Amino acid sequence: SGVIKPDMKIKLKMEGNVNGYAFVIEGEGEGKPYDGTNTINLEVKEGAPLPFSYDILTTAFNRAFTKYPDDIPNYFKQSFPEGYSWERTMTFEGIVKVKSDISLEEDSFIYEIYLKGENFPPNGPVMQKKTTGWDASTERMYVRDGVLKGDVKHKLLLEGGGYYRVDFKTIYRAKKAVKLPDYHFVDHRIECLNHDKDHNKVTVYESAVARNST
């Protein structure tokens, strides 16, 4: 077998604070890198119960888990076993800044994540836990400054039936040189499952599939 097996494990830690409320979350999970699916079981270790919407954390909990056709160079799978890091800004109609380092030990991906959220309205749906997940999304992948960037015009769904616009800007940086792809798309679906009353324990499931521009 090669660096990336059809089944791979996940271990992660996130340290963060949102609107001055600090927390630590640990996760373990598994996915199918070639199918583009992954599941993570998350546990709040510090800062329970979280006084904000779990949805602003879920997209932080690895594009190694993306279905790719052979005719698009796979920025992410090429980067292993050394791996890659990413940095993301999420700008809400509130701002979240996330940094993640993705490494590989045998068949386990390891993520070290730092997240800072600020400027959320205290009685808004983010701090009042009135969001109902992310819509399906399309991330445009494009090269700038010798690394891969992703943009999403995202939509956070609000209980009652509205949405907030959230602009995602991510920089993906391989730890070694890899073949750079032409611009392309990644279609995402992310969901929360099996959450307990305070989201002390949450499962995140994501599917991600790449497709070309042509």
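Throughout, residue positions are numbered sequentially from 1 according to the sequence presented. All heavy atoms count here, side chains included; hydrogens, waters and symmetry mates do not.
At most 12 non-hydrogen atoms from other residues, nucleotides or ligands lie less than 6.0 angstrom from CG of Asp182. No more than 12 heavy atoms of other residues, nucleotides or ligands sit less than 6.0 Å from atom CD of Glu30. Heavy atoms of other residues, nucleotides or ligands lying less than 6.0 angstrom from CZ of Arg165 number 12 at most. Environment of CD in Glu106: sparse, with no more than 12 heavy atoms of neighbouring residues, nucleotides or ligands closer than 6.0 Å. Counting heavy-atom neighbours within 6.0 Å of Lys99 NZ, excluding the residue itself, gives a total of 12 or less.
If you chain together ILVMFWY residues whose side-chain heavy atoms come under 4.5 Å of each other, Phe185 ends up grouped with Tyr142, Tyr183. Other members of a hydrophobic cluster containing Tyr114 are absent, since no ILVMFWY side chain comes under 4.5 Å of it, directly or through relayed contacts. Chaining together hydrophobic side chains whose heavy atoms lie under 4.5 Å apart places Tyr205 alongside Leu193.
Under the 4.5 Å side-chain criterion, counting only non-hydrogen atoms from C-beta, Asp71 is in contact with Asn212. Counting only heavy atoms from C-beta outward, the side chains of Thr91 and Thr89 approach each other to under 4.5 Å. Inter-residue side-chain proximity for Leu158 and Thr131 is flagged as met; some heavy-atom pair is nearer than 4.5 Å.
Across all their heavy atoms, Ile113 and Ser100 have their closest contact at CG1-OG, 3.5 Å. Nearest heavy atom pair, residue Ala64 against residue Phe109, reads CB-CZ, 3.6 Å.
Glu206 pairs with exactly one of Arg63, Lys67, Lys32 by the salt bridge (charged side-chain N to carboxylate O under 4.0 Å, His left out) rule, that one being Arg63. Results of the salt bridge (charged side-chain N to carboxylate O under 4.0 Å, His left out) test with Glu87 over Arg173, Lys116, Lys149 single out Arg173 as the only residue that passes.
Taking the six-membered ring for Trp and the full ring otherwise, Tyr21 and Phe52 have centroids separated by 6.0 Å or more. The distance between the ring centers of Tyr111 and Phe61 does not fall below 6.0 angstrom.
A cation-pi contact, defined as under 6.0 Å to the ring centre and within 45° of the axis, links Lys77 to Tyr34.
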**Request:** Decide yes or no on ring-ring contact (aromatic ring centres under 6.0 Å, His included) for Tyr84 and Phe76, but give the supporting numbers first.
**Result:** CA-CA 7 Å; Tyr84 74 99; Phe76 306 102; 5.3 Å; yes

**Message:** Between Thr203 and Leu42, is the side-chain contact (heavy atoms from CB on, under 4.5 Å) condition met? List the steps.
**Reply:** CA-CA 6 Å; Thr203 296; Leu42 285 327; over 6 Å; no

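When only modelled atom types and interatomic distance are considered, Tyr164 and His154 share no side-chain donor-acceptor pair under 3.5 Å. Side chains of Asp101 and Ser85: a donor-acceptor N/O pair is absent below 3.5 angstrom, by distance only.
Using a cut-off of 4.0 Å between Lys/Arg side-chain N and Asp/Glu carboxylate O, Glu82 and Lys175 are scored as not salt-bridged.
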